[PDB]
Every structure is written in C-alpha cells, then in structure tokens.
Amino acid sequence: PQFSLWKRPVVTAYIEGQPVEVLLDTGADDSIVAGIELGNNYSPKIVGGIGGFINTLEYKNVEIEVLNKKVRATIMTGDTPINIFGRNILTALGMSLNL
C-alpha cells in the first residue's frame, strides 16, 4: 500500500490475537502499546521522548499481524497516550519513507 500523510497512519494490528489501533511512527525507535497482556516473561525497560520518560515491560518475539503480513518482533507495554509502532516493526514490515 501507499499511505498519504494527509491522515494519521493509524492501522489495526493483531498482536498475539488481540486487536489494537496503532500509529505508524518513523521517529519511534521502539514500539509501545498499552492495554495488552503478553505474559509473565518480560524485561523492565525505560524509554524517553518529548516531555519525559515512561517505564515499560519488554516482550520479544511476539506474533504480529498488520497490513496483511505477519512478523514476529519485540514490543513494549506501558502507559503511553497512543499505541506506537516504531522503526523496529516498520523495518521488519519492509516499509519506507519516500519523497
């Protein structure tokens, strides 16, 4: 597909079966979604950005269906205002920022 930037690149993603609304963000180094349960085998992380830091729990190798493609990648859960898919997932998806 081709996403125009006139609208927020918001898609529906299926992480381990659970349906989430995610914003595709090329400035996000990682991916952080809230409100999803992914197990009792995680790693405590801390990520910073504009305005401050946020504590997160990292889960590797997680099934992800988005844009009619399934990737296995690392995601972080935590109190974030909107669910973000950073570059770690976009590269795994084969996406590009074109001019």
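When you see a residue number, it is the position in the sequence shown, counting from 1.
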Of 52 to 60 and 65 to 73, the stretch with the higher mean C-alpha B-factor in the deposited entry is 65 to 73
Looking only at C-alpha temperature factors in the entry, 40 to 48 or 23 to 31, the higher average sits in 40 to 48
Sorting the chain's modelled residues by C-alpha B-factor and splitting them into thirds places residue 93 in the middle
Tertile call for residue 17 (CA temperature factor, within chain, third-based) is the highest
